[PDB]
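First come two forms of one protein chain, each written alone as structure tokens, so that there is a structure 1 and a structure 2.
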Structure 1
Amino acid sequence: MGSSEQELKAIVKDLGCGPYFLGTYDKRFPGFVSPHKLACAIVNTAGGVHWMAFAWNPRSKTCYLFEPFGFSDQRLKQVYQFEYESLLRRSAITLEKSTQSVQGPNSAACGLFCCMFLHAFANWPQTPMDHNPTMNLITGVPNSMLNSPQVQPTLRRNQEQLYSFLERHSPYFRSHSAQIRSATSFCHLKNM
């Protein structure tokens, strides 16, 4: 179920993020960011779901945290606010976090959505969250309504947009398309 670190690494490389990508991390951010270089990373917040994306723009001095569930989990939000502050202390500034949900609650596509955000960051680091060709494919919904029936079609359309984007941009995804689709499916966690 979900996506492995090696899957995500292969897709991020296909998407052209390699020059800025620091790796995949277990629970913690990367050790440091540099005042001189764009950087991004994927963090497993649990230690094949629980994926969040990190990015850093040294020119705007902005850290981005992309979370498909809009930081609707208050403990997760608290943890990573502190991680941000600690990262700045190790590195010697603004944090922009997701505020709306783009993924269905029964989906296991978290890691894939993080890859899509990293494409957006690598290409439009001045505006990675929204108002760019990649993220404009995806629509956020209010967190309080994440579990409401009426938003599920929007969250499903987001996932369809995600898969179609990956088919166009990632040879790895094409080579593993049916497998990854099955493992990450929109209702992987609901069978009613």
Structure 2
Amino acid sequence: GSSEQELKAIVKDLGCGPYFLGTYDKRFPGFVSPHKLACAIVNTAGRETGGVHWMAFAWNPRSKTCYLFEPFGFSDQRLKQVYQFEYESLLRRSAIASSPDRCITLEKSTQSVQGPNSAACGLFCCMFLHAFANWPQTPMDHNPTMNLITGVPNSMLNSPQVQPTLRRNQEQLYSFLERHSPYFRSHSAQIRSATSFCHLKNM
């Protein structure tokens, strides 16, 4: 299942409407936002294939920062090898369009908050964007939203040692969305089932 055409409703519930460009596939052009905070949810795949995995990009023109929150925190190389996904192009187009000097600071997550069998990627992205909308200079951590979940080194993604941390992250995610999204509340059971912690576990 995962999350489909749902993020929009949830992200709107979370107060991101004034900054949210929408959901895109891997062809996301980038940001043309020299003066305003902006963000987007971006799939690793093209629309042609259905959608594989969700990430969040956010742009702060005042701090000159582009944020990438991909819930597993994979390296660029692992994004290319696991998902055939490259964000160099959209980063370049964003900086050309949005920065007077054609430069930016890329800030990207290096830790996993999501279990390796979880289908909650899209929901984690929604949570990050609430953090961005409310704390645009420190969306990754040290803020009330992201203080609710704990990243672990991406190298330990499949370690039995950290699985309870990642399960608790998912519990906090859902409860976060219960508290802040009427859309989530009214679809609570269906979304939990379609995004569950062991949803993609191999049999």
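Between two forms, the rigid core is defined as the largest C-alpha subset superposing within 1.5 Å. Each residue is numbered by where it sits in the sequence of structure 1, with counting from 1.
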Residue from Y64, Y163, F69, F29 whose Cα, after superposing the rigid core, lies 2 Å or more away between structure 1 and structure 2: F29
Rigid core superposition, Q81 Cα moves 2 angstroms or more between structure 1 and structure 2: yes
Per-residue Cα shift, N106, between structure 1 and structure 2 [Å; core superposed]: 0.3
